[PDB]
């Protein structure tokens, strides 16, 4: 039932090596580029799938070309069996890297520097008029080259939504929008099946950085969406910051002030990370936790 078999060649150029990811809505393969001789990510969608999502993912990827923390676009195409996108292959995701740490925690140095890169990638996708809507550690992957191995990349626009109309205006929110993303990092707004905004992506970032620094979130043992939302709705969020830099209160208060319509203050959040690093003498040039150094 895999869409492409091993050694299958796409457009006489991209040869399937193995499947590296799968879901309801498509599959991702590591392929060899028979022209350039590097390996690539080959993402495919069945031609016969009711929800045709990959054309939107490619439109977003193309709008982001030239930004940092974005996979290079290599090509795309469509035939009678599948649609496909070829993109730059990335490496280890942050969820696997965090689980590989002794106590499931990153240092504050690693946490804050990742936070700056993730924030940049979130502002970038927002700047081209899209919400990610499933910001989570497994959707960020470190690079796999000398030129990229300390760079963090945003993956999987499969749940993204355009929040502007054709002429650049904010579009009306639906009175109910079914939240179909991952439970652990979902905002209270997403839990309430409210239309998601730019602020909800920054809620996911907030929850991610607490889990990175502390090793856990209070609801991590609860998989049920409704239960987790009821736990978050009451949870005293300042408690999440007991063992975090005090600047994080400025981040919490700012995102708690936002609504669907309000452009976030990305700079205020960036300065929380930069001030937290400067207070603690954390340098940009520092080793990440997973490096020998």
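Numbering follows the first chain given and starts at 1. We call the rigid core the largest set of C-alpha positions that still match within 1.5 Å between the two forms.
- Larger root-mean-square CA separation from the shown form, computed after a rigid core fit of the structures in 6 other deposited structures of this protein, is seen for 161-169 when 161-169 is set against 71-79.
- Stretch comparison (256-264 versus 49-57) by mean CA B-factor in the PDB entry places 49-57 on top.
- Per-stretch averaging of Cα B factors for 107-115 and 166-174 places 166-174 on top.
- Annotation for 127, 101, 204, 121: 101 ranks highest, by Cα B-factor.
- When the modelled residues of the chain are ordered by C-alpha B-factor, residue 220 sits in the highest third.
- Annotation for residue 83: C-alpha temperature factor in the highest third relative to the rest of the modelled chain, per the entry.
- Looking at the C-alpha B-factors along this chain, the one for residue 137 belongs to the lowest third.
- For residue 239, the recorded CA temperature factor ranks within the highest third of the chain's modelled residues.
- In the PDB entry, residue 75 places in the middle third of its chain by CA B-factor.
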